[PDB]
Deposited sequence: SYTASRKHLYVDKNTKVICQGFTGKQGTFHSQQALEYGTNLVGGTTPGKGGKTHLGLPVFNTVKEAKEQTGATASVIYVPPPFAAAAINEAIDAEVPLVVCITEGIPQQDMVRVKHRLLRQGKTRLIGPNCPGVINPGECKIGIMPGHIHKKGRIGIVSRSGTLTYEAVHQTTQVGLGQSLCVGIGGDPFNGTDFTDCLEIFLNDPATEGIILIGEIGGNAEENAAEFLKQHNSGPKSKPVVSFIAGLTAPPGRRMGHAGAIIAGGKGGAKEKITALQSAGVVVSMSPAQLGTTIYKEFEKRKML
């Protein structure tokens, strides 16, 4: 039933955000970029400093405190790794609809325990950890992405990489297509959102006419994305999909991994109708010409 929280991925101008780790260096910086971008940031939390004001916004000690006062519906986490998993738990307790954890370096065991509880509920949706965040171009920015390269458009972007996502964003704007919703699911093995979750939203979003998927070598995420598309994106109103897999030129202990891709990830995506761009600088042109091949311009 955790899939019921997928819808909370689609932030908008009405989303009310709070920052966990508000007074922290990273929390202050990105909280300021968020305000300048127009994001409805209504405060944040740092233990021991509740009540005072920070960046002209109220500071709280707990997440439930900030939520009851500001009616926040989304939370962004910049807490250090040793306490980030607990920061996620605190938000799930408060039943924050959307939680975006930017922090990198959370122990896998910690996230395994968090994800154990996350899957037994459907009120909170987690993005990350170790992700750039989510952004509705022009309406809401919850993350670390540079806002100036985005622009509300027609291409839904999902990326397992960090900075590499910005190349797909910058290119879709220069070609005049823009982005409808950009999501970075992060690069950790145990996370709250995967490729299929974002694809489900893109395929059912009218504003999303094209889709770009950013991947890379390692794991099975790209393959699972292919199988999902081959079933639900092949047929009547098939939306065009483009992808790039980093590490084509990357170089390659135990028997566990072999028991339980690069070349194969590409072959799998193509089988589901995905046009894979071999160059990281041709994501915008490829999706553009695909729109041209479908009279979608």
Compared with the full deposited sequence, the modelled chain skips 253 to 255, 264 to 268
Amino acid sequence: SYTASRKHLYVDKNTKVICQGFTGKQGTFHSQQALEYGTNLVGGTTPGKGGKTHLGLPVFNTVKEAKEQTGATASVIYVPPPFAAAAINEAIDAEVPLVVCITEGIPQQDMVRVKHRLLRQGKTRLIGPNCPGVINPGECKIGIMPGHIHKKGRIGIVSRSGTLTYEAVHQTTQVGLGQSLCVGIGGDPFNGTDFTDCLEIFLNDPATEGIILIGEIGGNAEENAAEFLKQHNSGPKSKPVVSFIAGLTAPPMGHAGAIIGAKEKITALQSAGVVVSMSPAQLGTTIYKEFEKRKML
From here on, numbers count along this sequence of modelled residues.
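Rigid core (definition): largest C-alpha set, two forms, superposition within 1.5 Å.
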Higher Cα RMS in 8 other deposited structures of this protein relative to the shown form (core alignment), 70 to 78 or 160 to 168, goes to 160 to 168
In 8 other deposited structures of this protein, with the rigid core superposed, the stretch whose C-alphas stray more from the shown form, 56 to 64 or 243 to 251, is 243 to 251
With B-factors read from the PDB entry, the higher C-alpha mean of 179 to 187 and 82 to 90 is in 179 to 187
Of 262 to 270 vs 56 to 64, the stretch with the larger average CA B-factor in the entry is 262 to 270
Max C-alpha B-factor within the set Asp194, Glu104, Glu227, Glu95 falls on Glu227
On the chain's distribution of Cα B-factors, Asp110 falls within the third called lowest
On the chain's distribution of Cα B-factors, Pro146 falls within the third called middle
Binned into thirds over the chain's modelled residues, the C-alpha B-factor of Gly128 lands in the lowest
Among the modelled residues of its chain, the C-alpha B-factor of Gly219 falls in the third labelled highest
By the entry's values, the third containing the CA B factor of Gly122 is the lowest
